[PDB]
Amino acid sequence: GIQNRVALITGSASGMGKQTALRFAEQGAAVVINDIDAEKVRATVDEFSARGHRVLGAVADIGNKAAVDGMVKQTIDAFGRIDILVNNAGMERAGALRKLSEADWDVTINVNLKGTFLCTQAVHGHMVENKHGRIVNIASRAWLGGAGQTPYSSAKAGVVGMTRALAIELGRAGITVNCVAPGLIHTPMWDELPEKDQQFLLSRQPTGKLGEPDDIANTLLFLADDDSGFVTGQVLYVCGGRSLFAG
C-alpha cells in the first residue's frame, strides 16, 4: 500500500492528475494538489478537504525552477517528507514541421521534459534522506513517434531517457523511477467533441473501448506502492493494446 505516504502530483488540479490524486488520497496518502492554475488548485483542495482527505495546495509553474523549489518547500514544511512524485503536468503544441514556431517547441519541451527534470531534482534529495522514494513520470504513446507531434514526441521520449538514467542512478538510495505512457484516455476534451471525431479513434482501439482516468490512477498506485521497490526503469503503457500497433 501507500498508507501514510506523501504524494506530489504535478498538474493535478484537473484531468487524470486530479483523479490520480483522489485515488491516492483514498488509499491513505497525503496528496499535494499542484497546478499553474491557482483557482483550479483551490477548487480541488477545497473539494478534497471536504471529502476528508489530507491535502495541500501548491501553486507553481513546474517549468520554472524557482516556483518548483517553493512547491517542494511548501510540501516539506507541511508534511515533512515527499515519498512519491508523479510528474503528470504536461501540454502540447503540434503541427506540421514547417508550421511549428520556435515557441511551440520551447514550451512543450519546457513543461514536459524540463519540468519533469526540475521536479525530480528538487524532490529527490528528500527521498534520499528517507531512503525511500517513488518517482513516476507520465510520458505518452507518442514517444514512439507521432506525425505532426515533433515537440511532444521529442519531450516525452526525453522523459523516457530520464526515467532510465535516474532509475540507474537513484536506485541505490531506495528510489524507483518509472514511466507510464498513456494511450487514449476518456477526457473532457473527448466529451466536448463531435461524434465523427470520436468514432475514428475508437476504431483504432484493440479493446474497442476508451481507457478511463482510473486506469491511469490504478497503474500509478501499483508503481508507487511500498511493495513495488524492485520495479524501476520501466515504461508501462496504459493503452488497451494500441501501443502494440498504432498504424
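One rule holds for the numbers: they count along the sequence shown, beginning at 1.
Averaged over their C-alpha atoms, the temperature factors of 65-73 and 41-49 are higher for 41-49. Averaged over CA atoms, B-factors in the entry run higher in 74-82 than in the other of 173-181 and 74-82.
Ranked against the other modelled residues of its chain, the C-alpha B-factor of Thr10 as given in the entry falls in the middle third. Ranked by C-alpha B-factor against the other modelled residues of its chain, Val231 falls in the lowest third.
Annotation for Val31: C-alpha temperature factor in the middle third relative to the rest of the modelled chain, per the entry. Ranked by C-alpha B-factor against the other modelled residues of its chain, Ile216 falls in the middle third.
Among all modelled residues in its chain, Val238 ranks in the middle third by Cα B-factor.
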